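**Student:** One point on numbering: in the entry's author numbering, the residue at position 159 of the first sequence is 162, and numbering is uninterrupted.
All residues carry an ideal CB built from backbone N, CA and C; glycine is no exception.
Before I ask anything, here is the structure I am working with.
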Amino acid sequence: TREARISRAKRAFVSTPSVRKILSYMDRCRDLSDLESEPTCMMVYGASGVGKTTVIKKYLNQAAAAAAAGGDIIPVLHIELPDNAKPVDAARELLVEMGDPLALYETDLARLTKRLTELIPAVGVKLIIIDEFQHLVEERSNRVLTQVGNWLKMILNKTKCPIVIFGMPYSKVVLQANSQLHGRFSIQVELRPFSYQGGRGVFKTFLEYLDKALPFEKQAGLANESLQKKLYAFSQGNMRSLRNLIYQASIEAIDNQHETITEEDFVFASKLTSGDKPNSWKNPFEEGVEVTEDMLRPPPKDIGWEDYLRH
DNA sequence: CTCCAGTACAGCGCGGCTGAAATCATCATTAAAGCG
Ligand SMILES: Nc1ncnc2c1ncn2[C@@H]1O[C@H](COP(=O)(O)OP(=O)(O)OP(=O)(O)O)[C@@H](O)[C@H]1O
């Protein structure tokens, strides 16, 4: 098995230009906010499985590895909002995250704000990052709760720490609720999936950078004339499912004697990870499924919005 | 301060009533054909 090759095949990262555009903007946000005056407050979108958490873990690596190895400073922070977040609920988890506090046996929402606003200059927080903004909409109706939104405006105007919010593409109507939240968050971006399969894409260079990143030491055989056809036939532009199927083929090749990912084990990888796909999506690998041109069609605009049509 | 209970307020769903539209009855009127 040689589990080093397995973990080294799973932990692989390809920097598409949108990702480095993002990380450049967050360093821009980090040492552009001067902690004297009003911050910049970027907002990042992206659908399910487009690489968001990988982006922020890249960011806390390249921004906080040496400063977390040096001492208890914690300049950048990483937060997910729990579902249907009460303002005291999000505030207390954001508080027990940073520092070494006890911090949550009292739930009073004024005095823990006191403790968090005295601690946010005490350890020297350079940036606060929130992962999951779509948790503030109701399940069965599309009312949105902005107790946490006005609380986040309060902690923004209290201490001038920059905030970078990630979230689903349907989570922006929450920002359409509070207009002061809408104006305070100026930079919204678009981390949409891979666009086309027609040729000379960013998809190409991503694919062959992943190919040299793979643990097989000669060639992976991928990013070819017909392979990206069935690859884009399998995953829409969907980064998580593409990488998942690729990893599930790579483990199958390293289970036995195999020199590269080839045409006997990539099929069984299509057999496993075909579960999340819809019924009208077509299964292209086993016996005779040639792929029409309409099925490599680019992803629509409401690609991170199908959590929202039904209600 | 937190959990449980009571009680108010708000919301959704179901049922009943009312209104409108569609269909069927019902006959009435008009026209054509046959008989006187
Ligand atoms: N730049 C990249 N290069 C290689 N693989 C990547 C890249 N970005 C993401 N992946 C793969 O995609 C998978 C999904 O990553 P991630 O969870 O960050 O997406 P996401 O949009 O945050 O999904 P969710 O929002 O549901 O957490 C990861 O397992 C990772 O291996």
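So, is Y235 buried or exposed, given that buried needs 16 or more other C-beta atoms within 10 angstroms?
**Tutor:** Its Cβ being crowded by 16 or more others within 10 Å, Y235 is buried.
**Student:** Tell whether a beta-carbon distance below 7 Å holds between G224 and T276.
**Tutor:** No, they are not a contact pair.
**Student:** From the DSSP output, in three-state form, read off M298 for me.
**Tutor:** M298 falls in the helix class under three-state DSSP.
**Student:** Would DSSP call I77 helix, strand or coil?
**Tutor:** Coil, per DSSP.
**Student:** Taking 6 Å as the cut-off, does the CB of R243 come closer than this to any heavy atom belonging to ligand 1?
**Tutor:** It does: the Cβ of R243 is within 6 Å (strictly closer) of some heavy atom of ligand 1.
**Student:** Within the present structure, is the beta-carbon of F16 separated from the nearest heavy atom of ligand 1 by less than 6 Å?
**Tutor:** For ligand 1, at least one heavy atom lies less than 6 Å from the Cβ of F16.
**Student:** In the DSSP assignment, find the unbroken alpha helix (DSSP H) run with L122 in it and report its ends.
**Tutor:** Its alpha helix (DSSP H) spans residues 114-125.
**Student:** Quick one: does the C-beta of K156 sit closer than 6 Å to a heavy atom of ligand 1?
**Tutor:** The answer is no for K156.
**Student:** How would you call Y108, buried or exposed, if buried means at least 16 neighbouring beta carbons within 10 angstroms?
**Tutor:** When all chains shown are included, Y108 counts as exposed.
**Student:** Counting only the same chain and skipping the five closest in sequence on each side, list residues whose C-beta sits under 6 Å from that of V140.
**Tutor:** Counting only Cβ-Cβ distances below 6 Å, and skipping sequence neighbours, we find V147.
**Student:** When every heavy atom of ligand 1 is checked, does at least one fall within less than 6 Å of the C-beta of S51?
**Tutor:** For ligand 1, at least one heavy atom lies less than 6 Å from the Cβ of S51.
**Student:** Quick one: grab the DSSP three-state call for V205.
**Tutor:** Residue state, collapsed to three classes: helix.
**Student:** Given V177, which residues of its chain have a CB within under 6 Å of its CB, disregarding the five upstream and five downstream residues?
**Tutor:** Once the five neighbours on either side are set aside, the close Cβ partners of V177 are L139, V147.
**Student:** My understanding is that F271 touches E255, with C-beta atoms under 8 Å, so please give their C-beta distance in whole angstroms.
**Tutor:** With a Cβ gap of about 6 Å, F271 and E255 count as contacting.
**Student:** Would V79 and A66 qualify as a contact pair, given that the criterion is a beta-carbon distance under 7 Å?
**Tutor:** Going by C-beta atoms, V79 is nearer than 7 Å to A66.
**Student:** At the level of alpha carbons, what is the spacing between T57 and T110?
**Tutor:** Approximately 32 Å between the Cα atoms of the pair.
**Student:** Given 6 Å as the limit, tell me if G240 has its C-beta closer than that to any heavy atom belonging to ligand 1.
**Tutor:** No, since every heavy atom of ligand 1 falls outside the 6 Å radius drawn around the Cβ of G240.
**Student:** Within the chosen definition, does the stretch 211-220 reach the stretch 13-23 through at least 3 CB pairs nearer than 8 Å?
**Tutor:** The stretch 211-220 vs the stretch 13-23: in contact.
**Student:** Using only the alpha-carbon positions, how far apart do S198 and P301 sit?
**Tutor:** Each residue's alpha carbon lies about 5 Å from the other.
**Student:** Applying the 10 Å Cβ sphere with the 16-neighbour rule, what's the burial state of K285?
**Tutor:** By the neighbour-count rule (16 or more Cβ atoms within 10 Å), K285 is not buried but exposed.
**Student:** Please confirm whether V167 and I132 have their CB atoms less than 7 Å apart.
**Tutor:** For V167 and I132, yes; Cβs fall inside 7 Å.
**Student:** Under 7 Å between the Cβ atoms of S229 and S238?
**Tutor:** No, the Cβ-Cβ distance between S229 and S238 is not below 7 Å.
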